[PDB]
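What follows is one structure encoded as structure tokens, with my remarks underneath.
In the text below, chain A, chain B and the rest are named by the order of the sequence lines, each starting its count at 1.
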Amino acid sequence: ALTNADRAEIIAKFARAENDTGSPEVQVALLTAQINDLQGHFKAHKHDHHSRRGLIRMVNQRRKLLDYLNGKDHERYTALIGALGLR
Amino acid sequence: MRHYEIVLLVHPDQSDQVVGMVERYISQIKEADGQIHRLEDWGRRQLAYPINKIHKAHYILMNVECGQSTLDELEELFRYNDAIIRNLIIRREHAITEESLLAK
Amino acid sequence: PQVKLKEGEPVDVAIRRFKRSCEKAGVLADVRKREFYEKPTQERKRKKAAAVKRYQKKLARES
Amino acid sequence: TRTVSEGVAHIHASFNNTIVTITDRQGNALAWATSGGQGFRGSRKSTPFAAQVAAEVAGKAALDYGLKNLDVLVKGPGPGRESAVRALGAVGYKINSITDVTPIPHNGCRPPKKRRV
Amino acid sequence: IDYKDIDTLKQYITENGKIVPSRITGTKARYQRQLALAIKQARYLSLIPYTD
RNA sequence: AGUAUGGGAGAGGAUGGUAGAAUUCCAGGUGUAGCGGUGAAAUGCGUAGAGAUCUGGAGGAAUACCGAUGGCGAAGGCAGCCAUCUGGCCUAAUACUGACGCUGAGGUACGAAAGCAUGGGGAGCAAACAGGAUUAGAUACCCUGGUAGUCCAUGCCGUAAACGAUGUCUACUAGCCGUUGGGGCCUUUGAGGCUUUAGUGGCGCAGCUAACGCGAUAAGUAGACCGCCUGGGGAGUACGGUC
Ligand SMILES: [Mg+2]
Ligand SMILES: [Mg+2]
Ligand SMILES: [Mg+2]
Ligand SMILES: [Mg+2]
Ligand SMILES: [Mg+2]
Ligand SMILES: [Mg+2]
Ligand SMILES: [Mg+2]
Ligand SMILES: [Mg+2]
Ligand SMILES: [Mg+2]
Ligand SMILES: [Mg+2]
Ligand SMILES: [Mg+2]
Ligand SMILES: [Mg+2]
């Protein structure tokens, strides 16, 4: 599980402007944190088909945000993928 | 961590041990850290139906702020103990500390 | 249940009191229901009909 | 032999048959009788008249042991619940209380299939 | 509504020991849900009987 | 369209534990005759003693009352209580990114019940099956027993009148009466009355419709994308192909 402290740390690390919470980088970092977190639970419970839909929704949202960021700015996208080690 | 409420029944014959019993449990909690908010002794009471051919039991209530491992240990100790007959574990949001009804 | 008898209570009045108590309890309806199995679709249809009838009765009363 | 001050009456009431049992408190059955036991072989087994006759004949046998105070537990939906208590009152027994004991499952076993005829 | 206050719970049980529907009492649905939950908990704790 | 921060409701999902009611079986005490079932009977069970009653055990399956035009979920569908893990939704105010959106050929995921493979379990019910009935005949309807199955673990199968017989998304167009979860306001004798949202229902103007009817949860007025139909049988069958 991820607490408010971990989320605050992530937001601070990837925040671009002051009080920034909606930039692509912050959202992608939060989604990656949650997706990585859920791996242990889905390893424990392999027949919970109802929550895997939420997991897939998070994955799709991350993909859309990354595609938007690439189109807006290539260097920012490269830096974000490098920091997160996504692909 | 998490606030739990524990209402447990014990057999009249082992009643003399209850004073000690609660004590040791509290110690274990205090070993980790924990907090003990409420501890009430309702006394011996007739049962609405016979549990294991027993018509009366002594009820005791506790409120704690403990962790997961301590909760598991408490559950195991309750289950394996023969003196107590049935327990109830209720997760509570926030801690309630006041004179509870049925106290006396 | 537990219809205790008064000192001078006639048997007929006690029988009537027991009848009223049983009718209020509604045990007879459950006993009748338990005889045969009702499938989920049939019970859902029955409940839908009962709800429609109750709503119609309420509308009629309000008028 | 045994002397019993107070007794209990059991009425297994059914659509097909009605059985009357007489027992003493703390258990043990003193006497019993049923509709089919005394005639009523066939559909008459279900008639409440057979129920009251069976109750009366059972009570007559019960008098032999010696008792004057009774309690009634009716366990069944069959016709004869009132007939048995009326007969027990008529025979002279004093009924302290009359209660219902019919069982009810809380969604236990599956009941049989419905009869299409 | 908690299992502890057995009196209020008893103010809604029936002689047989069954829960009374909201139509008779006139209570609100949320109140009825917590009322039934408290009755079940107290019934488990042998404070009020399962049946009669 | 989305993100952070406070709250709220819920049979949403997965794992484990535990409670009471009842059916069957077992052992024992009282007790002696039938019980059971049908429209009526019969098969069947019982003097190595049944049915009835009381006590003590075994095991499987499902959660009375609450319960509701009630709730939650994309659909399939989810009902005792407790713990752990976890998805979505509603609601208030601020602070953020700045079109990041809608639909979607192929493709992929989930998907009632029945059925299949291996290994377990088996109370009740019950296809097939064996008897008793009814009938002209009875391959059935009815009655007495009863196997697979129904239950669990791991996989497969991919079909339903899988229905609201009504694809998804967006904006607009009289009103009346209920109900569930929230927000705001006015009274007060501590509960009521008004509004505002997101659901869920009953009427109804205009409009539409062959008619029945739909009618802010449109089948009205318009826009974007997909799927599908072209007289009834033959036939969702033949051949080829994929599984
Ligand atoms: Mg799409
Ligand atoms: Mg397609
Ligand atoms: Mg599959
Ligand atoms: Mg059959
Ligand atoms: Mg499992
Ligand atoms: Mg089809
Ligand atoms: Mg359906
Ligand atoms: Mg339908
Ligand atoms: Mg269709
Ligand atoms: Mg339309
Ligand atoms: Mg043609
Ligand atoms: Mg074909």
Looking at the base of [N], is there any donor atom on it, or on the side chain of [X], that sits under 3.5 Å from an acceptor on the other one?
X      : N     : result
B:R86  : F:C82 : no
D:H10  : F:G51 : no
E:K18  : F:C66 : no
A:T21  : F:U3  : yes
B:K53  : F:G56 : no
D:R110 : F:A62 : no

Taking the six-membered ring of C:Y37, is NZ or CZ of D:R110 closer than 6.0 Å to its centre and within 45° of its axis?
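Yes, D:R110 and C:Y37 form such a contact.
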
Do A:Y68 and A:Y77 have their ring centres less than 6.0 Å from each other?
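For A:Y68 and A:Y77, the ring centres are not under 6.0 Å apart.
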
Are the ring of D:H106 and the six-membered base ring of F:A64 within the stacking cut-offs of under 5.5 Å and under 30°?
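The ring of D:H106 is stacked on F:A64.
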
Quick one: sort the B:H94 and B:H3 rings into parallel, tilted or perpendicular, breaks at 30° and 60°.
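Rings of B:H94 and B:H3: perpendicular, as their planes differ by over 60°.
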
Could you give the NZ-to-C1' distance, from D:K75 to F:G51, as a whole number of Å?
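Rounding to the nearest Å, NZ of D:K75 and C1' of F:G51 are 11 Å apart.
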
Report the distance from atom CG of B:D72 to atom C1' of F:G16, rounded to the nearest whole Å.
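In whole Å, F:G16 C1' and B:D72 CG are 11 Å from each other.
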
For [N] and [M], do both pairing distances fall under 3.5 Å in a Watson-Crick or G-U wobble arrangement?
N      : M      : answer
F:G227 : F:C157 : no
F:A4   : F:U94  : yes
F:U173 : F:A219 : no
F:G201 : F:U170 : no
F:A83  : F:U30  : no
F:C151 : F:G232 : no
F:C45  : F:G34  : yes

For A:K72 and F:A99, is the shortest distance between a side-chain N/O and OP1 or OP2 below 4.0 Å?
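Looking at the OP1 and OP2 atoms of F:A99, one of them is under 4.0 Å from a side-chain N or O of A:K72.
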
How about [N] and [M]: do their bases stack, with centres under 5.5 Å and planes under 30 degrees?
N      : M      : value
F:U179 : F:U180 : yes
F:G46  : F:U47  : no
F:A162 : F:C163 : no
F:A219 : F:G220 : no

What's D:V8 touching, base or sugar-phosphate or nothing? Going by heavy atoms closer than 4.0 Å.
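D:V8: no heavy atom of the nucleic acid under 4.0 Å.
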
For a quick check of understanding: with a heavy-atom distance under 4.0 Å over all strands, which category does A:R52 fall into, base, sugar-phosphate or nothing?
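The answer is nothing, as A:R52 stays clear of every strand by at least 4.0 Å.
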
Gap in Å between the two [atom1] atoms, one belonging to [N] and one to [M], rounded:
N      : M      : atom1 : value
F:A19  : F:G60  : P     : 14 Å
F:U43  : F:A27  : P     : 28 Å
F:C141 : F:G46  : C1'   : 32 Å
F:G44  : F:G131 : P     : 12 Å
F:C66  : F:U15  : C1'   : 28 Å

Can you check whether B:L9's main-chain N or O pairs, donor with acceptor, with B:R86's side chain at less than 3.5 Å?
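No, the answer is negative, given that no donor and acceptor are paired below the 3.5 Å cut-off.
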
Examine distances only and state if a side-chain atom of A:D73 and a backbone atom of A:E75 form a donor-acceptor pair shorter than 3.5 Å.
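Side chain of A:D73 to backbone of A:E75, a donor-acceptor pair under 3.5 Å: yes, one is there.
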
Can you figure out if F:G164 has a north or south sugar, judging by whether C1'-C2'-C3'-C4' is positive or negative?
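Judging by the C1'-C2'-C3'-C4' torsion, which comes out negative, the sugar of F:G164 sits south.
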
Distance-only donor-acceptor check, side chains B:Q28 and B:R24, under 3.5 Å:
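Side chains of B:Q28 and B:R24: no pair found under 3.5 Å.
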
Check step by step if side-chain contact (heavy atoms from CB on, under 4.5 Å) holds for B:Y4 and B:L71.
CA-CA 9 Å; B:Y4 301 113; B:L71 184 69; 3.3 Å; yes

